[PDB]
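Engineer: Here you go, one structure.
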Amino acid sequence: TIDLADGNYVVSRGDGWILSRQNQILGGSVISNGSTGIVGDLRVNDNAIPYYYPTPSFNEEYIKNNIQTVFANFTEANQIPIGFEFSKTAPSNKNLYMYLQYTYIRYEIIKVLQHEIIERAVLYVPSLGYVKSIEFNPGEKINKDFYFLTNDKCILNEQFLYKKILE
Amino acid sequence: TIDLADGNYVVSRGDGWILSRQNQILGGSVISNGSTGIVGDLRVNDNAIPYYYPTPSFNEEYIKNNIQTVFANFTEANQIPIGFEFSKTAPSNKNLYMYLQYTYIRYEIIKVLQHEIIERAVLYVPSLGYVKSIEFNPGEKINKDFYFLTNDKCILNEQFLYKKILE
Amino acid sequence: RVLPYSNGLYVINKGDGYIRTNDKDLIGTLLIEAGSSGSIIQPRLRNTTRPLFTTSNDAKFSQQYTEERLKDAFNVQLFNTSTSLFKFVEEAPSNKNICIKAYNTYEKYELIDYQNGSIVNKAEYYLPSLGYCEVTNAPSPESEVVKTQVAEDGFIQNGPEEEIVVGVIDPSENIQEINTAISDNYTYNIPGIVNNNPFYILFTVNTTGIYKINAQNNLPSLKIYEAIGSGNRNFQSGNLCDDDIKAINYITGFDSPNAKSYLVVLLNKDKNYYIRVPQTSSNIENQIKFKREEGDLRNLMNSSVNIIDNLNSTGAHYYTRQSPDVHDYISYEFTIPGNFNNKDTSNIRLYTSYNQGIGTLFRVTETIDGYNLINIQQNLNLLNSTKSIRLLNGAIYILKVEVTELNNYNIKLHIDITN
C-alpha cells in the first residue's frame with residue numbers, strides 16, 4: 001500500500017541484486033595457505049542478457065522502452081565490454097573458497113490504484129558481479145545459506161527511485 | 001635395473017623439466033636499481049609443441065595415445081591459451097638480469113625385461129615456464145653454468161609415476 | 001541415511017573444486033625464486049571449456065537433458081564456455097623458494113530419478129569451474145625418487161563439503177495452469193489433453209491460508225510442491241504470473257497408486273505452487289477441489305490426510321505409506337467398524353512398527369461449514385505402543401502423526417481392533 005497517485009510508475013530499486021539459485025553457476029576457485037586468488041569477468045553478450053518478467057499490460061518492449069527513457073540505457077551500453085575482478089588472499093593456517101555471482105539492477109514498473117499496487121512487471125539488467133569467500137577445513141560442514149540464495153535480494157541496500165509514466 | 005614385471009610401461013617423471021642448451025632462446029630482460037621487471041608468456045601453438053624422441057617399437061602415435069589415456073591429455077588442453085608471468089624487483093645498489101625458460105613435463109615409455117630397462121622413448125610436452133635472476137656489476141664475470149644447461153634436468157624434484165601398457 | 005524424498009527428479013550440487021586423479025587436470029607448476037613473485041593466469045583468450053559427463057542411461061539421462069535439468073534447477077546459463085576468469089599469484093619469502101601449482105576444477109552436479117525408495121537413474125555432470133592452487137615449499141631437487149604406481153581414474157574434491165538438492169519439474173509431465181488465483185473455493189476440471197497421464201497444476205492463492213485440496217472422491221492421491229523463490233518479481237493482483245521457475249520443493253503427499261487422500265496445506269499469497277496429479281487410469285472425468293479451510297481442520301496443517309474406509313469388525317489392520325521426514329506430518333481419517341449406538345464401543349490400539357511419532361486423536365463431527373475436531377487424546381507415543389482406547393462404534397476419527405525419529409522410508413500404521 002504505497003502513497004502515490006493512481007497510474008503507472010517506472011521504478012529503479014538498487015544496483016546489487018542477485019538471483020535465487022544462481023550462486024555458483026559461474027564456478028568458483030579454491031585457494032590455499034596465503035596465496036592469492038583473483039577471479040573476474042567481462043561482458044560480451046551473455047553477461048549482457050537482461051531478464052524480463054512481464055505482465056499483461058506491461059509487455060517486454062513497454063518495459064524496455066520505458067526504463068531506458070528515464071534510466072541507464074542498457075542495450076546501447078552493454079555492447080561495449082567492461083570488466084571487473086576481485087582479489088582474495090587466504091590465511092596461512094587454513095584454505096578458502098570463493099565463488100563469483102553476477103549482480104543486477106532491479107527495474108520494475110507498477111500500476112497503482114487507490115494508494116495500492118495492483119500490478120508489477122520486473123526487469124533485471126546485469127550490472128557487474130560479487131564474490132563470496134569462506135574459510136574451511138575439509139569435513140567442516142558449511143551453512144547451506146552460503147551456497148544457496150533461496151529468494152532474490154539486494155546485497156547492497158535497496159532503493160525506490162520512481163517516475164510517473166505519462167499521458 | 002628397476003623392479004618391474006616384464007613389459008611396457010608408461011611413465012610420468014615430473015613437471016618442471018628444462019632442456020639442454022635452450023635457456024635464453026626466448027630472450028631475457030635486464031632491469032636496474034630497484035625498478036621491477038615482469039616477464040611472462042602465453043601459449044598459442046608454438047609453446048604448445050611437444051618434443052618426441054621415439055624408438056623403434058615406440059612410434060610417435062603410440063607414445064601420444066598411450067600417455068594421453070593415463071595422464072593429462074595435452075593436444076586437447078593446449079588449444080586453450082593459458083598464461084604465466086614472474087615479477088622480480090632489483091636491489092638498489094646494483095642491477096640485474098632475468099631470462100625466461102620453458103618448463104616441460106617429461107613423459108617416457110619403457111620396455112622392461114628381466115627387472116632391467118631395455119628401451120625408452122621420451123616425450124616432453126610443455127607445461128609453463130621459469131625465470132632465472134642474477135645480479136651483476138658490468139665486467140663481473142658470470143658462471144657459464146648460469147646461462148647454459150648442459151644436460152636436460154628437472155628444476156623441481158623428479159618423480160616416477162607408472163602404469164603397465166595392457167594386453 | 002533414510003533419505004525420504006517424494007519420488008521423482010532431483011539435481012544435487014555435490015560441491016566445487018573437483019579435480020581428476022593423476023593430474024589429468026593440472027595447468028602446471030611454476031617455481032618462484034625467493035624474493036620474486038609469480039602468477040598463473042587463465043585469461044579466457046579463448047572461451048571454450050570442457051565439461052565431463054557420465055550417466056547410467058543415455059536414452060533417458062542424455063547430456064543434453066541432464067544439462068537442461070541444471071537449467072531447471074539453478075538456471076545455469078553456460079555449459080562449455082566461460083568468460084569468467086581466474087589467476088593465482090604468489091610471492092616467495094626472501095629465505096626460501098616457493099612453488100605454486102594450479103589445477104583446473106569442476107563443480108560436481110548429480111542428477112537423479114529417485115523412484116520409490118531407490119535411485120533408478122543417475123547422471124554425474126562435472127561443470128567446469130575456476131581453479132584450485134597449491135602452494136608448497138620448493139622441493140629439494142636431489143630428493144630421492146619413489147617408483148610409484150598411478151591411481152584408479154576418478155576424482156578428488158578440494159572445495160568445501162557441499163550437497164544441496166533441488167527438485168525439478170519432470171519435463172515429461174506436462175504443466176497446466178490456473179490463471180485465476182484461488183480465493184475461498186475453486187473446482188478444477190482435469191482437461192482432455194492430459195489423457196489420464198501425470199501432469200502438474202500451477203496455481204496461486206489470493207489471501208494466504210490453510211487449504212484442503214482433494215481430487216474427486218479423495219482419489220487419486222496428490223502431492224503439492226512450492227516453487228522455490230516464487231513471488232518476488234512479477235505479480236498481477238487476482239491472477240498468477242509465470243515467474244519462470246521449475247525448481248520445486250515438496251510440501252506433502254503420497255506417491256501411492258489408489259490410496260485415498262486429501263491434502264491440507266498452508267499456502268502463502270506470495271508463492272506459486274505446483275500440484276502433481278498422477279496417472280489417472282480411469283476414463284471417468286475427475287476434478288480437483290480447492291477449498292479454503294477456516295475451521296478446525298487447520299489442525300491438520302501441512303498434512304496429507306490418509307483415508308481408511310475399510311475396517312473389519314475386529315482383527316489386525318495395517319497401512320503402509322511413504323514416511324514423512326522428522327517433524328513433518330502424516331494424518332489418518334478412519335471410521336470404526338460397527339453401527340453407531342452412541343453407547344457401543346470397539347477397542348483400538350494404534351501402533352507403528354518402525355518410526356516414532358507423537359499421535360494426536362480427534363473425533364470428527366461434520367456440519368455444513370466443515371469438519372469439527374473434538375480432542376480425544378494427545379501426546380500418544382506410537383512406536384510399538386502397548387496402549388489402547390475405547391472408541392465409539394460408527395464414529396469417525398482422525399489421527400495426526402508427527403514423526404519424531406525416522407528409522408525407515410515407509411511408515412506402517414496398525415489399527416488392531418478388539419471388542
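Residues in the C-alpha cells are named by chain (A, B, ... in the order shown) and by number from 1 within that chain; ligands are numbered from 1 in the order shown.
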Got a sec: who's within 12 Å of residue 88 of chain B, counting only C-alpha atoms, leaving out chain neighbours fewer than 6 positions off, as a compact mmCIF listing (two decimals) with N, CA and C atoms, in the first residue's frame?

Structural biologist:
# COMPACT_ATOMS: atom_id res chain seq x y z
N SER B 29 65.24 -10.00 -19.94
CA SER B 29 65.25 -8.54 -19.72
C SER B 29 66.22 -8.16 -18.60
N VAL B 30 66.82 -6.99 -18.72
CA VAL B 30 67.77 -6.53 -17.73
C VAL B 30 67.17 -5.29 -17.10
N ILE B 31 67.09 -5.28 -15.77
CA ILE B 31 66.44 -4.18 -15.04
C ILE B 31 67.36 -3.72 -13.95
N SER B 32 67.30 -2.42 -13.65
CA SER B 32 68.29 -1.78 -12.79
C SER B 32 67.69 -1.01 -11.62
N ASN B 33 68.46 -0.95 -10.52
CA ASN B 33 68.21 -0.04 -9.38
C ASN B 33 66.78 0.00 -8.84
N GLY B 34 66.31 -1.13 -8.33
CA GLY B 34 65.04 -1.16 -7.61
C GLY B 34 63.81 -0.74 -8.39
N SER B 35 63.87 -0.90 -9.71
CA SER B 35 62.67 -0.96 -10.52
C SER B 35 62.32 -2.43 -10.58
N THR B 36 61.18 -2.72 -11.18
CA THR B 36 60.68 -4.07 -11.17
C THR B 36 60.46 -4.58 -12.56
N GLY B 37 60.83 -5.82 -12.78
CA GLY B 37 60.69 -6.43 -14.09
C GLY B 37 59.65 -7.52 -14.00
N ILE B 38 58.87 -7.66 -15.07
CA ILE B 38 57.84 -8.66 -15.13
C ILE B 38 57.88 -9.29 -16.50
N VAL B 39 58.42 -10.50 -16.60
CA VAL B 39 58.39 -11.19 -17.89
C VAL B 39 57.40 -12.31 -17.75
N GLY B 40 56.77 -12.63 -18.86
CA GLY B 40 55.75 -13.66 -18.89
C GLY B 40 55.43 -14.10 -20.30
N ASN B 95 72.39 -3.73 -10.49
CA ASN B 95 71.30 -4.08 -11.41
C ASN B 95 71.30 -5.56 -11.77
N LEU B 96 70.20 -6.05 -12.34
CA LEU B 96 70.06 -7.49 -12.53
C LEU B 96 69.44 -7.94 -13.83
N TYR B 97 69.74 -9.21 -14.15
CA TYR B 97 69.36 -9.86 -15.39
C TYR B 97 68.51 -11.10 -15.16
N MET B 98 67.37 -11.15 -15.83
CA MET B 98 66.45 -12.26 -15.68
C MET B 98 66.02 -12.73 -17.06
N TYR B 99 66.06 -14.04 -17.25
CA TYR B 99 65.66 -14.64 -18.52
C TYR B 99 64.68 -15.82 -18.41
N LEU B 100 63.85 -15.98 -19.43
CA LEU B 100 62.73 -16.88 -19.39
C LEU B 100 63.08 -18.20 -20.06
N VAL B 131 61.87 -18.43 -14.62
CA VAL B 131 62.88 -17.39 -14.85
C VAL B 131 64.01 -17.47 -13.83
N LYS B 132 65.20 -17.10 -14.29
CA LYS B 132 66.42 -17.11 -13.50
C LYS B 132 66.97 -15.69 -13.37
N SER B 133 67.16 -15.24 -12.14
CA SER B 133 67.61 -13.88 -11.89
C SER B 133 69.09 -13.95 -11.63
N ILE B 134 69.81 -12.88 -11.91
CA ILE B 134 71.20 -12.75 -11.40
C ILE B 134 71.65 -11.29 -11.34
N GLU B 135 72.34 -10.93 -10.26
CA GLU B 135 72.74 -9.54 -10.02
C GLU B 135 74.16 -9.39 -10.47
N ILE C 32 59.08 -20.35 -7.89
CA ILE C 32 59.28 -18.92 -7.69
C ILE C 32 60.53 -18.71 -6.86
N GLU C 33 61.57 -18.14 -7.46
CA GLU C 33 62.83 -17.95 -6.75
C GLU C 33 62.61 -16.96 -5.62
N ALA C 34 63.18 -17.24 -4.45
CA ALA C 34 62.94 -16.43 -3.25
C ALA C 34 63.03 -14.97 -3.62
N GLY C 35 62.08 -14.18 -3.15
CA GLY C 35 62.04 -12.76 -3.44
C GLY C 35 61.54 -12.34 -4.81
N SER C 36 61.11 -13.29 -5.65
CA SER C 36 60.33 -12.92 -6.82
C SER C 36 58.88 -13.25 -6.52
N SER C 37 57.98 -12.95 -7.45
CA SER C 37 56.56 -13.32 -7.36
C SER C 37 56.17 -13.90 -8.69
N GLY C 38 55.18 -14.78 -8.70
CA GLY C 38 54.75 -15.39 -9.96
C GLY C 38 53.32 -15.85 -9.98
N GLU C 91 54.02 -14.57 -3.89
CA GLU C 91 55.36 -14.08 -3.61
C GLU C 91 56.13 -15.10 -2.75
N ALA C 92 57.39 -15.33 -3.07
CA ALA C 92 58.23 -16.15 -2.21
C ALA C 92 58.89 -15.29 -1.15
N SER C 94 62.04 -14.22 1.33
CA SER C 94 63.44 -14.00 0.92
C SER C 94 64.40 -15.11 1.34

Engineer: With 8 Å as the cut-off and only C-alpha atoms counted, what is the closest atom pair between each nearby residue of chain A and chain C? Distances in Å to one decimal, ordered by chain and number, as JSON lines.

Structural biologist:
{"residue": "A:20", "atom": "CA", "partner": "C:229", "partner_atom": "CA", "distance": 6.1}
{"residue": "A:21", "atom": "CA", "partner": "C:74", "partner_atom": "CA", "distance": 4.9}
{"residue": "A:22", "atom": "CA", "partner": "C:74", "partner_atom": "CA", "distance": 5.5}
{"residue": "A:25", "atom": "CA", "partner": "C:76", "partner_atom": "CA", "distance": 5.4}
{"residue": "A:26", "atom": "CA", "partner": "C:84", "partner_atom": "CA", "distance": 6.9}
{"residue": "A:27", "atom": "CA", "partner": "C:129", "partner_atom": "CA", "distance": 4.2}
{"residue": "A:28", "atom": "CA", "partner": "C:130", "partner_atom": "CA", "distance": 5.0}
{"residue": "A:29", "atom": "CA", "partner": "C:131", "partner_atom": "CA", "distance": 4.5}
{"residue": "A:30", "atom": "CA", "partner": "C:132", "partner_atom": "CA", "distance": 4.9}
{"residue": "A:31", "atom": "CA", "partner": "C:133", "partner_atom": "CA", "distance": 5.4}
{"residue": "A:32", "atom": "CA", "partner": "C:134", "partner_atom": "CA", "distance": 6.1}
{"residue": "A:33", "atom": "CA", "partner": "C:135", "partner_atom": "CA", "distance": 6.8}
{"residue": "A:35", "atom": "CA", "partner": "C:90", "partner_atom": "CA", "distance": 5.3}
{"residue": "A:36", "atom": "CA", "partner": "C:89", "partner_atom": "CA", "distance": 5.4}
{"residue": "A:37", "atom": "CA", "partner": "C:88", "partner_atom": "CA", "distance": 5.0}
{"residue": "A:38", "atom": "CA", "partner": "C:87", "partner_atom": "CA", "distance": 5.4}
{"residue": "A:39", "atom": "CA", "partner": "C:86", "partner_atom": "CA", "distance": 4.4}
{"residue": "A:40", "atom": "CA", "partner": "C:85", "partner_atom": "CA", "distance": 5.3}
{"residue": "A:41", "atom": "CA", "partner": "C:84", "partner_atom": "CA", "distance": 4.2}
{"residue": "A:42", "atom": "CA", "partner": "C:83", "partner_atom": "CA", "distance": 6.3}
{"residue": "A:43", "atom": "CA", "partner": "C:83", "partner_atom": "CA", "distance": 7.4}
{"residue": "A:53", "atom": "CA", "partner": "C:234", "partner_atom": "CA", "distance": 5.7}
{"residue": "A:54", "atom": "CA", "partner": "C:234", "partner_atom": "CA", "distance": 6.7}
{"residue": "A:55", "atom": "CA", "partner": "C:234", "partner_atom": "CA", "distance": 6.9}
{"residue": "A:97", "atom": "CA", "partner": "C:159", "partner_atom": "CA", "distance": 6.5}
{"residue": "A:118", "atom": "CA", "partner": "C:237", "partner_atom": "CA", "distance": 5.2}
{"residue": "A:119", "atom": "CA", "partner": "C:236", "partner_atom": "CA", "distance": 4.4}
{"residue": "A:120", "atom": "CA", "partner": "C:234", "partner_atom": "CA", "distance": 5.3}
{"residue": "A:121", "atom": "CA", "partner": "C:234", "partner_atom": "CA", "distance": 4.8}
{"residue": "A:122", "atom": "CA", "partner": "C:233", "partner_atom": "CA", "distance": 5.8}
{"residue": "A:136", "atom": "CA", "partner": "C:160", "partner_atom": "CA", "distance": 6.3}
{"residue": "A:137", "atom": "CA", "partner": "C:160", "partner_atom": "CA", "distance": 7.4}
{"residue": "A:138", "atom": "CA", "partner": "C:160", "partner_atom": "CA", "distance": 6.1}
{"residue": "A:139", "atom": "CA", "partner": "C:161", "partner_atom": "CA", "distance": 6.1}
{"residue": "A:140", "atom": "CA", "partner": "C:161", "partner_atom": "CA", "distance": 6.9}
{"residue": "A:141", "atom": "CA", "partner": "C:161", "partner_atom": "CA", "distance": 6.2}
{"residue": "A:142", "atom": "CA", "partner": "C:161", "partner_atom": "CA", "distance": 6.9}
{"residue": "A:144", "atom": "CA", "partner": "C:164", "partner_atom": "CA", "distance": 7.2}
{"residue": "A:150", "atom": "CA", "partner": "C:229", "partner_atom": "CA", "distance": 5.9}
{"residue": "A:151", "atom": "CA", "partner": "C:229", "partner_atom": "CA", "distance": 4.6}
{"residue": "A:152", "atom": "CA", "partner": "C:232", "partner_atom": "CA", "distance": 7.0}

Engineer: Keeping N, CA and C atoms for every residue in the selection just given, could you write it to a file as a compact mmCIF listing (two decimals), in the first residue's frame?

Structural biologist:
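The new file selection.txt reads:
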# COMPACT_ATOMS: atom_id res chain seq x y z
N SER A 20 17.79 -15.85 -7.10
CA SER A 20 17.54 -17.15 -6.47
C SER A 20 18.23 -18.21 -7.28
N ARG A 21 18.92 -19.10 -6.57
CA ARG A 21 19.55 -20.33 -7.09
C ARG A 21 20.79 -20.13 -7.98
N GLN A 22 21.16 -18.89 -8.26
CA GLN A 22 22.13 -18.65 -9.29
C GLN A 22 23.54 -18.45 -8.74
N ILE A 25 26.77 -20.88 -10.46
CA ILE A 25 26.72 -21.15 -11.88
C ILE A 25 28.07 -20.91 -12.59
N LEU A 26 28.75 -19.83 -12.24
CA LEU A 26 29.94 -19.40 -12.96
C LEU A 26 31.15 -20.21 -12.55
N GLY A 27 31.01 -20.87 -11.42
CA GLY A 27 32.07 -21.67 -10.87
C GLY A 27 32.60 -20.84 -9.75
N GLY A 28 33.67 -21.36 -9.14
CA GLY A 28 34.37 -20.76 -8.02
C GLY A 28 35.75 -21.37 -7.91
N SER A 29 36.71 -20.59 -7.40
CA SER A 29 38.07 -21.12 -7.25
C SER A 29 38.42 -21.33 -5.77
N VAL A 30 39.23 -22.34 -5.50
CA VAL A 30 39.61 -22.65 -4.14
C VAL A 30 41.11 -22.43 -4.04
N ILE A 31 41.52 -21.62 -3.06
CA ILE A 31 42.94 -21.25 -2.93
C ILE A 31 43.36 -21.49 -1.51
N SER A 32 44.63 -21.85 -1.33
CA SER A 32 45.12 -22.34 -0.04
C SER A 32 46.34 -21.61 0.48
N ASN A 33 46.46 -21.55 1.81
CA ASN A 33 47.69 -21.13 2.53
C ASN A 33 48.36 -19.85 2.04
N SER A 35 48.28 -17.91 -0.45
CA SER A 35 48.39 -17.49 -1.84
C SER A 35 47.17 -16.63 -2.09
N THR A 36 47.12 -16.04 -3.26
CA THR A 36 46.08 -15.09 -3.55
C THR A 36 45.30 -15.49 -4.77
N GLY A 37 43.99 -15.33 -4.68
CA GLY A 37 43.11 -15.69 -5.78
C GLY A 37 42.52 -14.44 -6.36
N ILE A 38 42.34 -14.43 -7.67
CA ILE A 38 41.77 -13.29 -8.36
C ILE A 38 40.80 -13.82 -9.38
N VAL A 39 39.50 -13.72 -9.10
CA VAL A 39 38.52 -14.12 -10.11
C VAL A 39 37.89 -12.85 -10.61
N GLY A 40 37.49 -12.89 -11.87
CA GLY A 40 36.90 -11.75 -12.52
C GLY A 40 36.21 -12.11 -13.81
N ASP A 41 35.65 -11.10 -14.46
CA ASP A 41 34.80 -11.35 -15.60
C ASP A 41 34.81 -10.20 -16.60
N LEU A 42 34.03 -10.37 -17.65
CA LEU A 42 33.97 -9.39 -18.69
C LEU A 42 32.55 -9.07 -19.07
N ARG A 43 32.22 -9.25 -20.33
CA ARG A 43 30.87 -8.92 -20.71
C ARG A 43 30.67 -8.78 -22.20
N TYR A 53 10.38 -10.10 -16.66
CA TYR A 53 9.25 -10.74 -16.03
C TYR A 53 8.08 -9.78 -16.27
N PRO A 54 7.38 -10.00 -17.39
CA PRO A 54 6.40 -9.04 -17.82
C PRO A 54 5.08 -9.45 -17.26
N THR A 55 4.11 -8.54 -17.34
CA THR A 55 2.71 -8.82 -17.04
C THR A 55 1.85 -8.45 -18.23
N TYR A 97 37.58 -20.84 -0.08
CA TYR A 97 36.76 -20.98 -1.27
C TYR A 97 36.00 -19.71 -1.61
N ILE A 118 -1.57 -2.69 -7.66
CA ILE A 118 -2.32 -3.79 -8.27
C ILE A 118 -1.45 -4.68 -9.21
N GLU A 119 -0.34 -4.17 -9.74
CA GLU A 119 0.41 -4.90 -10.78
C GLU A 119 1.86 -4.45 -10.92
N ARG A 120 2.73 -5.42 -11.16
CA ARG A 120 4.15 -5.16 -11.22
C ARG A 120 4.86 -6.10 -12.18
N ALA A 121 5.57 -5.49 -13.12
CA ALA A 121 6.44 -6.20 -14.03
C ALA A 121 7.86 -5.82 -13.65
N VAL A 122 8.81 -6.69 -13.98
CA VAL A 122 10.15 -6.58 -13.45
C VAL A 122 11.20 -6.86 -14.49
N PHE A 136 37.72 -22.86 5.29
CA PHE A 136 37.22 -24.18 5.61
C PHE A 136 38.34 -25.19 5.81
N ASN A 137 38.14 -26.10 6.76
CA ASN A 137 38.97 -27.29 6.84
C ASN A 137 38.14 -28.37 6.18
N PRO A 138 38.78 -29.42 5.62
CA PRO A 138 37.94 -30.37 4.91
C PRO A 138 37.15 -31.18 5.93
N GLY A 139 35.89 -31.49 5.62
CA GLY A 139 34.99 -32.09 6.59
C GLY A 139 34.13 -31.04 7.27
N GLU A 140 34.71 -29.86 7.55
CA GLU A 140 33.95 -28.75 8.16
C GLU A 140 32.67 -28.59 7.35
N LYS A 141 31.53 -28.80 8.02
CA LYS A 141 30.21 -28.62 7.42
C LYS A 141 30.00 -27.12 7.17
N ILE A 142 29.43 -26.75 6.02
CA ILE A 142 29.14 -25.35 5.72
C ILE A 142 27.64 -25.11 5.74
N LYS A 144 24.21 -24.15 4.52
CA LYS A 144 23.58 -24.23 3.19
C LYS A 144 23.27 -22.83 2.65
N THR A 150 18.04 -18.41 -1.68
CA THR A 150 16.75 -19.04 -1.82
C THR A 150 15.68 -18.11 -2.41
N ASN A 151 15.82 -16.79 -2.20
CA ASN A 151 14.94 -15.73 -2.73
C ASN A 151 15.71 -14.48 -3.18
N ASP A 152 15.42 -13.95 -4.38
CA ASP A 152 16.15 -12.76 -4.89
C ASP A 152 16.37 -11.75 -3.79

Engineer: Taking the DSSP assignment computed from this structure's backbone, write out as a PyMOL selection string all residues of chain A that belong to strand (DSSP E or B).

Structural biologist: chain A and resi 7-12+17-18+28-31+36-41+51-53+55+58+84-89+95-112+117-136+153-154+161-164

Engineer: Do you know which residues are at most 8 Å from segment 305-313 of chain C counting only C-alpha atoms, after dropping those on the same chain fewer than 4 positions away, and could you put them as a compact mmCIF listing (two decimals) with C-alpha atoms, in the first residue's frame?

Structural biologist:
# COMPACT_ATOMS: atom_id res chain seq x y z
CA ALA C 259 -4.69 -44.71 -1.88
CA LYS C 260 -7.47 -42.29 -0.92
CA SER C 261 -6.22 -38.94 0.36
CA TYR C 262 -6.82 -35.25 0.76
CA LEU C 263 -4.19 -32.61 1.32
CA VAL C 264 -4.37 -29.96 3.97
CA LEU C 300 -4.01 -30.93 10.25
CA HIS C 317 -5.14 -53.84 10.07
CA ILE C 330 1.04 -37.83 8.11
CA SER C 331 -2.66 -37.99 9.14
CA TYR C 332 -5.31 -40.68 9.08
CA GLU C 333 -9.12 -40.40 8.93
CA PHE C 334 -10.75 -43.66 9.89
CA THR C 335 -14.26 -44.64 10.78
CA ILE C 336 -14.76 -47.54 13.10
CA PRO C 337 -16.49 -50.67 12.19
CA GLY C 338 -19.96 -51.07 13.55
CA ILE C 417 -9.27 -53.77 16.67

Engineer: Just the number, please: distance in Å from atom CA of residue 414 of chain C to atom CA of residue 4 of chain C, one decimal.

Structural biologist: 20.7 Å

Engineer: Can you pull out the residues contacting segment 156-167 of chain A? Cut-off 8 Å, using only C-alpha atoms, and skip same-chain residues under 6 positions away; I want them as a PyMOL selection string.

Structural biologist: chain A and resi 7-17+66+70

Engineer: Rounded to one decimal in Å, what is the spacing between atom CA of residue 68 of chain C and atom CA of residue 248 of chain C?

Structural biologist: 15.0 Å

Engineer: Residues of segment 9-253 of chain C classed as helix (DSSP H, G or I) by DSSP on the backbone are to be reported as a list in words.

Structural biologist: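 Checking each residue of segment 9-253 of chain C, the helix (DSSP H, G or I) ones are residues 21, 22, 23, 63, 64, 65, 66, 67, 68, 69, 70, 71, 72, 73, 74, 216, 217 and 218 of chain C.
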
Engineer: Restrict the selected residues to N, CA and C atoms and save them as a PDB file, in the first residue's frame.

Structural biologist:
ATOM      1  N   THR C  21      42.164 -37.404 -10.819  1.00  0.00           N
ATOM      2  CA  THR C  21      43.359 -38.044 -10.311  1.00  0.00           C
ATOM      3  C   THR C  21      44.444 -38.005 -11.342  1.00  0.00           C
ATOM      4  N   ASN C  22      45.680 -38.227 -10.919  1.00  0.00           N
ATOM      5  CA  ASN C  22      46.840 -38.217 -11.827  1.00  0.00           C
ATOM      6  C   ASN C  22      47.035 -36.925 -12.614  1.00  0.00           C
ATOM      7  N   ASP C  23      46.632 -35.812 -12.011  1.00  0.00           N
ATOM      8  CA  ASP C  23      46.924 -34.531 -12.582  1.00  0.00           C
ATOM      9  C   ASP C  23      46.443 -34.557 -14.022  1.00  0.00           C
ATOM     10  N   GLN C  63      23.177 -36.205 -22.074  1.00  0.00           N
ATOM     11  CA  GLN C  63      23.847 -34.984 -21.675  1.00  0.00           C
ATOM     12  C   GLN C  63      22.996 -33.735 -21.938  1.00  0.00           C
ATOM     13  N   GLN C  64      22.333 -33.674 -23.081  1.00  0.00           N
ATOM     14  CA  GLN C  64      21.519 -32.507 -23.412  1.00  0.00           C
ATOM     15  C   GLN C  64      20.492 -32.310 -22.272  1.00  0.00           C
ATOM     16  N   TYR C  65      19.851 -33.413 -21.899  1.00  0.00           N
ATOM     17  CA  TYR C  65      18.788 -33.440 -20.897  1.00  0.00           C
ATOM     18  C   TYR C  65      19.352 -33.057 -19.538  1.00  0.00           C
ATOM     19  N   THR C  66      20.360 -33.802 -19.106  1.00  0.00           N
ATOM     20  CA  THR C  66      20.965 -33.534 -17.815  1.00  0.00           C
ATOM     21  C   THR C  66      21.565 -32.135 -17.762  1.00  0.00           C
ATOM     22  N   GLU C  67      21.829 -31.537 -18.913  1.00  0.00           N
ATOM     23  CA  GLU C  67      22.153 -30.120 -18.945  1.00  0.00           C
ATOM     24  C   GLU C  67      20.862 -29.383 -18.675  1.00  0.00           C
ATOM     25  N   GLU C  68      19.821 -29.647 -19.446  1.00  0.00           N
ATOM     26  CA  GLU C  68      18.591 -28.887 -19.211  1.00  0.00           C
ATOM     27  C   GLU C  68      18.167 -28.931 -17.723  1.00  0.00           C
ATOM     28  N   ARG C  69      18.276 -30.079 -17.051  1.00  0.00           N
ATOM     29  CA  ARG C  69      17.912 -30.141 -15.609  1.00  0.00           C
ATOM     30  C   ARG C  69      18.692 -29.179 -14.705  1.00  0.00           C
ATOM     31  N   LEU C  70      19.923 -28.845 -15.077  1.00  0.00           N
ATOM     32  CA  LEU C  70      20.669 -27.798 -14.360  1.00  0.00           C
ATOM     33  C   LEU C  70      20.088 -26.408 -14.665  1.00  0.00           C
ATOM     34  N   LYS C  71      19.652 -26.207 -15.901  1.00  0.00           N
ATOM     35  CA  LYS C  71      18.925 -25.009 -16.193  1.00  0.00           C
ATOM     36  C   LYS C  71      17.720 -25.001 -15.262  1.00  0.00           C
ATOM     37  N   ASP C  72      17.002 -26.110 -15.173  1.00  0.00           N
ATOM     38  CA  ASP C  72      15.777 -26.121 -14.385  1.00  0.00           C
ATOM     39  C   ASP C  72      16.123 -25.830 -12.936  1.00  0.00           C
ATOM     40  N   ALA C  73      17.196 -26.434 -12.441  1.00  0.00           N
ATOM     41  CA  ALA C  73      17.486 -26.374 -11.003  1.00  0.00           C
ATOM     42  C   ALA C  73      18.123 -25.084 -10.557  1.00  0.00           C
ATOM     43  N   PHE C  74      19.152 -24.638 -11.272  1.00  0.00           N
ATOM     44  CA  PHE C  74      19.908 -23.448 -10.865  1.00  0.00           C
ATOM     45  C   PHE C  74      19.938 -22.347 -11.926  1.00  0.00           C
ATOM     46  N   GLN C 216     -11.650 -35.644  -6.876  1.00  0.00           N
ATOM     47  CA  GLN C 216     -12.962 -36.304  -6.779  1.00  0.00           C
ATOM     48  C   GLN C 216     -12.871 -37.574  -5.952  1.00  0.00           C
ATOM     49  N   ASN C 217     -13.705 -37.655  -4.928  1.00  0.00           N
ATOM     50  CA  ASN C 217     -13.708 -38.808  -4.056  1.00  0.00           C
ATOM     51  C   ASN C 217     -12.339 -39.123  -3.411  1.00  0.00           C
ATOM     52  N   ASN C 218     -11.556 -38.078  -3.137  1.00  0.00           N
ATOM     53  CA  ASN C 218     -10.243 -38.216  -2.487  1.00  0.00           C
ATOM     54  C   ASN C 218      -9.391 -39.242  -3.225  1.00  0.00           C
TER      55      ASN C 218
END
